[PDB]
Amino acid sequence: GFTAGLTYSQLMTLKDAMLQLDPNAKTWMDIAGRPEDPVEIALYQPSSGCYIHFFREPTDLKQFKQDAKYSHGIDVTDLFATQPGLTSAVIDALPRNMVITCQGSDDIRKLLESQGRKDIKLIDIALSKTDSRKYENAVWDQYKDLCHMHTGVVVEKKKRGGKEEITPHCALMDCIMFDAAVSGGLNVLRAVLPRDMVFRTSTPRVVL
């Protein structure tokens, strides 16, 4: 009937903010979290340099906790004030019949089809782990200030020894670094959404 949790004022603000997108530009999307219970969400257009990055709190904290140690290293403490509903809102604003590019389209497909957008055409570059990540450290370097949200230490099976430490999976960096791979190098970036749209400024209060 309506769009949950967002008032009309900020919902129009959003819709205007997302008209800054070129419907026909190359458009990247990655997520952190399960498609059922996503936590981080990024969309990227290298052509303009503009991106949509925001956050959601997990409903399953158990599944979230494993995912953080072996994938994203996100501290649930840092999702503390995030716009409820934002995901459904942003997905709904995406242009009818859009073309998204991603890696491992199966997660992205599951999410969009759960938002009712079957109309969105998905292009999976279908790379390999070692190909796609080839621009990782440079992307993380030039672009570090854009995500401070992966605090955690992320690990991997060492063939000899069990845990080997790595660089975690940020929807945003992945978006950027996959483009770099598919375009053979690095492409200035601007957020489509205002900070107080993706995060509530929490105020001091008396507890009741």
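All residue numbers refer to positions in the sequence shown, first residue = 1.
- The modelled chain breaks between residue 187 and residue 188, where 1 to 3 residues of the deposited sequence lack coordinates.
- Just going by the entry, 140 to 148 versus 29 to 37 on mean CA temperature factor gives the higher value to 140 to 148.
- The question of which stretch, 159 to 167 or 48 to 56, has the higher mean Cα B factor is settled in favour of 159 to 167.
- When all modelled residues of the chain are sorted by CA temperature factor, residue 129 is found within the highest third.
- Residue 207 sits in the highest third of its chain by CA B factor, as recorded in the PDB entry.
- Compared with the other modelled residues of the chain, the Cα B-factor recorded for residue 197 ranks in the highest third.
- Per-chain ranking of the deposited C-alpha B factor places residue 96 in the highest third.
- Residue-level temperature factors show residue 81 in the highest third of its chain, judged at the C-alpha atom.
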